[PDB]
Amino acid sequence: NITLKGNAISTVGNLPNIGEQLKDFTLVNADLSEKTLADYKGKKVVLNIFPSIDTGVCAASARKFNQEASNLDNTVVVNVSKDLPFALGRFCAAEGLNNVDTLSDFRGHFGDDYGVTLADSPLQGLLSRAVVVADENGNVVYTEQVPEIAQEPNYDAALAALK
């Protein structure tokens, strides 16, 4: 059950469960190049799923997690949104950080295949706020569907699953 500012929102589909294998995808980078699930083969992955990364309001917690998670051995943080590739560079949480990709699902099926596209509310069609963590093999270890789209994810619990 997702909500927006208290009011009820729903997502098309369902988020992956712990133990399920990560679903394939094709996302677009800021230079219009494509990234695929194969690009992360054998590496521990954090899917950082946003309604938008073009809001301009970063956060000490949001930045601190992306820095810490990248520091982890053989780990990558992957930001997904419906934002066009022309705005992916505006994600401040990846400023100066390595091992952090910011990718666009503007023409993909990530939101569909992962059950995160929002179904109603003025944010309909955007992704919901969610975090999916997978291991080196690719099976989901931890998930969170943030109950309130405005609130930040439990970055500490997400980090702990990686640890």
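Just count from 1 along the sequence shown to find any residue number.
K.L.:
Highest mean C-alpha temperature factor of the two stretches 99 to 107 and 66 to 74, which is it?
P.N.:
Per the PDB entry, the higher value belongs to 66 to 74.
K.L.:
Of the two stretches 48 to 56 and 90 to 98, which shows the higher Cα B-factor on average in the entry?
P.N.:
Per the deposited B-factors, the answer is 90 to 98.
K.L.:
For the chain shown, is the CA B-factor of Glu144 in the lowest, middle or highest third of its modelled residues?
P.N.:
Within its chain, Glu144 is a middle-third residue by C-alpha B-factor, going by the deposited values.
K.L.:
Determine, from the deposited record, the chain-internal third of the Cα B-factor for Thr36: lowest, middle or highest.
P.N.:
It falls in the middle third of the chain.
K.L.:
Which third of the chain does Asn29 land in by C-alpha B-factor: lowest, middle or highest?
P.N.:
CA B-factor rank for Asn29: middle third.
K.L.:
C-alpha B factor of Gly138, ranked within the chain: lowest, middle or highest third?
P.N.:
It belongs to the middle third of the chain when residues are ordered by C-alpha B-factor.
K.L.:
Looking at the temperature factor on the CA atom of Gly125, which third of the chain's modelled residues does it land in?
P.N.:
According to the entry, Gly125 has a C-alpha B-factor in the chain's lowest third.
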